[PDB]
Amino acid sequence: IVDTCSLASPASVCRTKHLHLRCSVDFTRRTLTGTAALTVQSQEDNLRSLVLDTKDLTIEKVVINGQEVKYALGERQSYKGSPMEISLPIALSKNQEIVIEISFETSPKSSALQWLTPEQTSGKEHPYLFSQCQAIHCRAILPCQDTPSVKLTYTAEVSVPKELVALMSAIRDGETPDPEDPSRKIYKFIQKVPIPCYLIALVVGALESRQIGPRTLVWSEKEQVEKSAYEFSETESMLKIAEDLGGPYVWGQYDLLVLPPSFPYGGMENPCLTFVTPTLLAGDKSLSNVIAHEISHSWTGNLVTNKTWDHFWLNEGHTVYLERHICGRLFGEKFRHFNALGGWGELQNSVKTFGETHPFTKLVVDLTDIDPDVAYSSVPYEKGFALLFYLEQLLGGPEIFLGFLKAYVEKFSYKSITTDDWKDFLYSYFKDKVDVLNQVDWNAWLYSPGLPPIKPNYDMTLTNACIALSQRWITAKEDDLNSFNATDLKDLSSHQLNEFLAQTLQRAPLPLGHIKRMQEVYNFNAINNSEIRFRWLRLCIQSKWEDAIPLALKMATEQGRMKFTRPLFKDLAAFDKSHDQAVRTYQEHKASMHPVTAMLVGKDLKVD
């Protein structure tokens, strides 16, 4: 009903229908300049003004029907930005529309953008720009109702230096030389499917593409295009599986974009162009589960969207569920349970890090006066998945629940819903099983902190080997280390190898002699898998092995994935032999880190 993260007019007052973006990317000044034409529809009678979200934006003028109108910026409200009130030249009746062209310019401190210098890229000769609007950063790029309760289509014309390429979360609609400047190109984009504004994405740089499917192009710098094309070859197979689970894919194109290492997330479900971290380039497709996850957002998240960020679990919860069904269809049901059981372990970590009582461990959170970037964690992913997984086992198994999910996506397609909307449809769909649903502790699952009230049933086939080897190392004495050998891993996949470290890491610290012996027989230092290397180094740093200090500092700074960089920095700061280096390394790299990551890493290290 009320979006406590937005200062703009609610959807009950007016709602944006379309956005026409005409801007120019200036790497000299690190700014976006142009006009944002918002087609606004009134939701009440005698509407004479509205408020929009902005964050560090410069408003030159606001034109309506070819005339300038009066506008005013309120005082800034911290992360929410500054509200922008506009005086309409006419009063609108209900359902009447008007087009508001706003001339704007971004600040180099835009929390949605990161500007890279040539030395920060692979080619080393051209700059790079990419955007991250989710959750409420789009207001830092252009004025808008920065709330997932409004969905709009958009067309865009972006001007960039001719030697560079621009891509957006839309269907490419041609390129032509800038008629005003021979040194620039203009790339045209159109997104015919209405989306919440947080799915607005832009990227500019020396980008090349490689076709890996009938509807998928992999984009990155020349140095990673081929490496990326192989890593994500399963994309089309996952799109077909996703189509079988959630219905037709309605976005036309599904391209991939591998960004520089400073990308904060593993992936971003930007429509038509998923952004992914280069840390997925393991060389064996072992991390392609993130691709399945991002593909699933084409239904759960982008089609059926959370009305507010309090109900973020709807987006991620069902997305993880779809993702793990896609991997199950590709590698077997036992693999689905293996990952499901592993996700429960991550949920254990998040609750133990926040605390059994922390409000952020609730499935549905109250973000009033809370920066979404500060509450973001695995809770909505795993606790949300555990609920759906719990409901699957409670209502008749995966076949039955997938039927509900497909009907759920068709029921709320192109719309924004709340948790109660989802709960109601669950009761409507399973009307013949309300007696089973009433046995569910909806208050504990949806609004209670800590671990869920009940744990689902997990198959242990693929996990036992991990627990076996993990228990050996934890209980091992000094005269037992000699019996460990590289042969211990001959039948363990990369995922089992990663889960073994996760289980072992839960009982850290280990004796310093155990860690040294582990590297001697297992040689984990030589593994480039970011997931495995991340946990191996955490085990080392937490076990007080000084040799691992430079390794952890290098991984924590040579890439910017918050999943890895934040825990690495925290672990290094808690190690007395590396505390000073950790704070120093952050301070020297702070200026060139991603704006969101730099803020969170500063708070984690208590240097803010």
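Numbers follow the displayed sequence, beginning with 1.
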For this session: Can you let me know which of the two, 393 to 401 or 236 to 244, has the higher average C-alpha B-factor in the entry?
Result: 393 to 401
Exercise. Would 348 to 356 or 281 to 289 have the larger average of its C-alpha temperature factors, as given in the entry?
Worked result: 348 to 356
For this session: Going by the CA temperature factor in the entry, name the top one among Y321, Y381, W422, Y522.
Result: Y522
Exercise. If you check the C-alpha B-factor for each of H20, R15, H594, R584 in the entry, which is highest?
Worked result: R584
Exercise. Which third of the chain holds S42 when residues are ordered by C-alpha B factor: lowest, middle or highest?
Worked result: highest
Exercise. According to the PDB entry, is the CA B factor of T28 in the bottom, middle or top third of its chain, that is, lowest, middle or highest?
Worked result: middle
Problem set entry | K185 - which third its CA temperature factor falls in, relative to the rest of the chain | middle
For this session: Relative to the other modelled residues of the same chain, rank the CA B-factor of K570 and answer lowest, middle or highest third.
Result: middle
For this session: Grab the CA temperature factor for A548 from the record and place it in the lowest, middle or highest third of its chain.
Result: highest
